[PDB]
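Residue numbers (the deposited numbering), protein chains in the order written: chain A, 1 to 304; chain A', 1 to 304. A prime marks a further copy of an entry chain. Heads up, the beta-carbon is just placed ideally off N, CA and C, and yes, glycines get one too.
Number of protein chains: 2
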Amino acid sequence: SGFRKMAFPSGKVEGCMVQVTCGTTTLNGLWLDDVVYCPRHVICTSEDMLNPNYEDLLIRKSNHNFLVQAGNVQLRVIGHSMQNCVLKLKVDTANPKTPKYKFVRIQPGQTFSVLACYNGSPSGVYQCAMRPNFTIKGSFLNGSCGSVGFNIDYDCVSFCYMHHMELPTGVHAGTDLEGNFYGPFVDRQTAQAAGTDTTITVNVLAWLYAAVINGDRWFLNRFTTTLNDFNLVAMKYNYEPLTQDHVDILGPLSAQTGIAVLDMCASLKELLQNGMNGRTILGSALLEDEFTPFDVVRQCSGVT
Amino acid sequence: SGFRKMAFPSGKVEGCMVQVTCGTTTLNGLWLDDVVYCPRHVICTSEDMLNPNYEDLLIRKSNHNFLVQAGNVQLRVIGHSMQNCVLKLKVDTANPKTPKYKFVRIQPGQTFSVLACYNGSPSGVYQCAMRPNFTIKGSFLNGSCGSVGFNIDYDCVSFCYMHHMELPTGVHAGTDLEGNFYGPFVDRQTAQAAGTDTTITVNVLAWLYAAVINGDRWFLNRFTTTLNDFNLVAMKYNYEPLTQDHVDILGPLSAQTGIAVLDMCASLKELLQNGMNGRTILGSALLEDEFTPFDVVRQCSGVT
Ligand SMILES: O=C(Nc1c[n+]([O-])cc2ccccc12)[C@@H]1CCOc2ccc(Cl)cc21
Ligand SMILES: O=C(Nc1c[n+]([O-])cc2ccccc12)[C@@H]1CCOc2ccc(Cl)cc21
C-alpha cells in the first residue's frame with residue numbers, strides 16, 4: 001500500500017557517469033563500453049552559445065582537448081565524432097561497469113528516471129515524463145548537462161534522454177542518445193518557447209486506478225462515458241485525446257479493479273468539471289500525470 | 001531551475017541489499033561489513049505475527065535456519081543475535097561493496113530516501129519524511145520488509161530506517177538500524193492507529209523558499225507576523241509549531257532570497273487562510289512538507 005513517485009534504482013547508471021571538459025566548459029558524460037556520450041555544446045564558450053556553428057567549432061578541437069575523468073582517474077581519448085547534438089568520445093578503456101543497455105527514443109507521455117549529475121558525480125534521482133510539448137520538468141543547475149534519463153527492464157538500462165538545456169521558462173530540453181532533440185529545440189542560446197503542456201490523460205487514468213488499488217475511492221462516480229464524449233471534455237481541459245490504444249493499455253488496471261476504462265473516464269470527466277473540492281487523491285490536490293499504466297502495474301506488483 | 005522530489009543516488013545502498021529467508025518467510029536484509037541486518041519478524045509465520053514472543057521463537061532458530069543470498073550466491077551465517085526489533089546475522093564474508101556508513105536515528109520532519117526492495121532486489125527509490133506521528137508514507141508491498149531509508153553526505157551513507165510494517169490505514173512503520181521503532185509501534189499484527197499527521201511547518205517554509213528561488217512568487221504577500229501569531233494559525237491548521245531553531249535553520253534560504261523568515265511565515269499564514277484558489281506552487285496544488293531546509297539548499301546548490 002501507498003503510492004509514490006518512484007525512480008528506478010540508479011546504481012547501474014551511476015557507474016557510467018563521467019566528467020567531460022573541453023577548454024573551460026565542464027559537463028557530464030555517459031560512459032558505455034569505450035565511448036563517452038556528451039552534449040556537443042561542451043565545445044562552446046558562453047559567447048559561442050549565442051550562435052554556434054558546431055561543425056566549425058569542432059574543427060578547432062582534437063582528441064586531447066576533451067578531458068574525460070571517471071572518478072579521479074583520467075581516460076585517454078582516442079577518437080571523437082559528432083552525431084547530431086551529441087559528441088561520442090572514443091576512449092581506450094571500456095567501462096568495466098557498463099550495464100546491458102539500449103538507446104531508445106521515447107514518446108510523449110512516457111516516464112523515465114533522471115540521475116542528475118554535476119562534474120560527473122551523481123547528486124540525486126527523480127522521476128519525470130516527456131511532456132506532450134517535448135519538454136521535461138526536471139531539476140537541473142549549471143553543470144547538469146549530460147545527465148541522463150533512463151528506464152530499466154530487470155538488468156537492461158534503456159537510456160532515453162540526455163539533458164542539454166533550460167528554456168527561459170525553467171522547463172528543460174534534451175536529446176535521445178543518438179543526439180536528436182525531443183521536440184523542436186536546438187542547442188543554441190536563443191529564445192525558444194514551449195508549446196501547450198497538455199495533461200497525459202492515459203497517465204492520469206492509470207494513477208486513478210492506482211488510487212483505487214490503494215483505497216482512495218471517493219472520486220468513483222456512478223457514470224460512464226464514451227471516448228468521443230470524454231474527449232470533448234478532455235480537449236476543453238487541455239488533456240491529451242484518449243485513444244482505443246490507451247484503453248487497451250489500461251486493460252490490466254481495469255481488470256485488477258473491476259472498473260471499466262470508460263467508467264474511470266467518466267469519473268475523471270466529473271473531477272475535471274467539479275474540481276477536487278479541497279480533497280486529495282493519493283496525497284495530491286491535482287491529477288497526477290507522470291505515472292504510466294506500466295509504472296502503476298510495476299509499482300503495484302513489485303517488479304525488480 | 002525546476003524543483004523535484006529528489007532521492008539520493010541509490011547505488012551505494014543497492015550494493016548492500018540481500019535476501020533473508022527463515023523457514024517460509026522471505027524479506028530483505030542490509031549487508032554491511034560481515035553483518036546482515038533484517039526485521040526480526042523474518043522468524044515468524046503469518047499466524048505467529050498475531051502475538052509473537054520473539055525471544056521464544058528465536059530459541060527454535062539456529063545459524064543454518066537463516067538463508068542469506070547476495071545476488072545468486074549464498075552467504076554463510078556464523079552467528080545471529082536480536083537487537084530490539086532487528087536481527088543481526090553475522091556472515092563469514094564482509095560485504096565488498098560496504099560503503100562508509102553510520103546508523104542514525106532521525107527526528108520527525110527529517111527526510112530520507114527509501115530503496116524499496118523485494119527478495120533482496122531493488123525495485124525503486126523514492127523520497128519521504130518521518131512524519132510528526134512517526135509513521136512514513138511509503139510504497140511497500142509484501143516482501144518489502146527490510147528495505148531501508150538513508151541519507152548520503154558525499155560518500156557516507158547514514159542509514160536511518162528499516163521497513164517493518166504497514167498499519168491498517170496504509171501508512172508505514174519501522175525502526176532505526178538499532179531495531180528501535182520510530183514512534184509507539186510494535187512488530188505485531190494488532191490494531192495500531194497513528195496519531196495526528198501534522199504538517200512539517202519548517203519544511204513547507206523551505207519549499208516556499210525553493211519556489212521563490214525557482215520563480216514561483218505569486219504567493220508572496222505584503223505582510224509579516226511573529227512566531228506567536230503564526231503559531232496560533234499553525235495550530236488551527238494542524239501544522240507543527242515553528243520554533244526559533246526552525247527560523248535559524250531557514251537563515252540560509254532567507255539570505256539567498258532576501259525574504260525574512262517571518263515574512264515567509266506571513267505568506268504561509270495567508271495561504272492557509274485563503275487557500276491556493278486553484279493555483280499551484282512548484283507544480284503542486286497543496287503545500288509540500290517533505291523537503292527539509294537542507295534538501296532545498298542541497299538541490300538549489302548542487303551538492304554531489
Ligand atoms: O542551458 C544551459 N545551461 C543550464 C541548463 N539547465 O537545465 C539549468 C541551468 C541552470 C543554471 C545555469 C545553467 C543551466 C546552457 C547555458 C547557456 O544556454 C544554453 C543554450 C543551449 C544549450 Cl544546449 C545549453 C545552454
Ligand atoms: O506489515 C506486514 N507486511 C507488509 C508491509 N507493508 O508495508 C506492505 C505490505 C503489503 C502487502 C502485504 C504485506 C505488507 C507484515 C504482515 C503481517 O502483519 C505484520 C505485522 C507486524 C509486522 Cl512488523 C509486519 C507485518
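Element boundaries [beta strand (DSSP E), containing residue i]
| i | result |
| --- | --- |
| A/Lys5 | Looking at the DSSP string, A/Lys5 is not in any beta strand (DSSP E), and its letter there is neither H nor E. |
| A'/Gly174 | 172-175 |
| A/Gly79 | 77-83 |
| A'/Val68 | 66-70 |
| A'/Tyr182 | From DSSP, A'/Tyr182 is part of no beta strand (DSSP E); its letter is neither H nor E. |
| A'/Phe219 | Segment: none, A'/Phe219 is in no beta strand (DSSP E) and carries neither H nor E. |
| A'/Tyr101 | 100-103 |
Contact with chain A by residue i, beta-carbon distance below 8 Å
| i | result |
| --- | --- |
| A'/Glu14 | yes |
| A'/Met6 | yes |
| A'/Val303 | yes |
| A'/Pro293 | no |
| A'/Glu166 | yes |
| A'/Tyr118 | yes |
| A'/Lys236 | no |
| A'/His41 | no |
| A'/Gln299 | yes |
| A'/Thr135 | no |
| A'/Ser10 | yes |
| A'/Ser147 | no |
| A'/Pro96 | no |
| A'/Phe112 | no |
Residues that residue i bridges to, as DSSP identifies them
| i | result |
| --- | --- |
| A'/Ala266 | Answer is none; A'/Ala266 lacks a bridge partner. |
| A/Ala129 | A/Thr111 |
| A'/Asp153 | A'/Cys156 |
| A'/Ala116 | A'/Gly124 |
| A/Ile43 | Paired residues: none, contrary to the question. |
| A'/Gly143 | Bridge partners of A'/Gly143: none, in fact. |
| A'/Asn28 | A'/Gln19 |
| residue 387 of chain A' | Because chain A' is modelled from 1 through 304, residue 387 of chain A' falls outside the range shown and cannot be assessed. |
| A'/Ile136 | A'/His172 |
| A/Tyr209 | Paired residue(s): none; A/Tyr209 is not in a bridge. |
| A/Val148 | A/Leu115, A/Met162 |
Minimum Cβ-Cβ distance from residue i to chain A' less than 8 Å
| i | result |
| --- | --- |
| A/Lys100 | no |
| A/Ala191 | no |
| A/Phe219 | no |
| A/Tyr161 | no |
| A/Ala285 | yes |
| A/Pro252 | no |
| A/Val125 | yes |
| A/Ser46 | no |
Contact belief for residue i with residue j at Cβ below 8 Å, rounded distance in angstroms
| i | j | result |
| --- | --- | --- |
| A/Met17 | A/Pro122 | 6 Å |
| A/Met162 | A/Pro39 | 7 Å |
| A/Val13 | A/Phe150 | 6 Å |
| A/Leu286 | A'/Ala285 | 4 Å |
| A/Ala116 | A/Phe140 | 6 Å |
| A/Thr198 | A/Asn142 | Actually they are not in contact, since the Cβ atoms of A/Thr198 and A/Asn142 sit about 30 Å apart, beyond 8 Å. |
| A'/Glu178 | A'/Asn84 | 6 Å |
| A/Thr224 | A/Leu262 | 5 Å |
| A/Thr190 | A/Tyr182 | Contact doesn't hold; Cβ gap of about 18 Å is too wide. |
| A'/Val68 | A'/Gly29 | 6 Å |
| A'/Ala7 | A'/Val125 | 5 Å |
| A'/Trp218 | A'/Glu288 | With 8 Å as the limit, A'/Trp218 and A'/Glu288 do not qualify as a contact, their Cβ atoms being about 16 Å apart. |
| A'/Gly11 | A/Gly11 | 3 Å |
| A'/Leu268 | A'/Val204 | 6 Å |
| A/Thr169 | A/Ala194 | 6 Å |
| A'/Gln19 | A'/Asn119 | 5 Å |
| A/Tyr101 | A/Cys156 | 6 Å |
Host alpha helix (DSSP H) of residue i (start-end)
| i | result |
| --- | --- |
| A/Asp295 | 293-301 |
| A/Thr196 | Unbroken run through A/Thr196: none, as it is neither H nor E. |
| A'/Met17 | Segment 17-22 is the beta strand (DSSP E) holding A'/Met17; no alpha helix (DSSP H) there. |
| A/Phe230 | 227-236 |
| A'/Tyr54 | 54-59 |
| A/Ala260 | Counting along the chain, A/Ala260 falls outside any alpha helix (DSSP H), and DSSP gives it neither H nor E. |
| A'/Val247 | 244-249 |
Next on the checklist: Tell me which residues pass a beta-carbon proximity test against ligand 2: closer than 5 Å to any heavy atom, given in chain order.
Outcome noted: A'/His41, A'/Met49, A'/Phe140, A'/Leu141, A'/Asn142, A'/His164, A'/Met165, A'/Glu166, A'/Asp187, A'/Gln189
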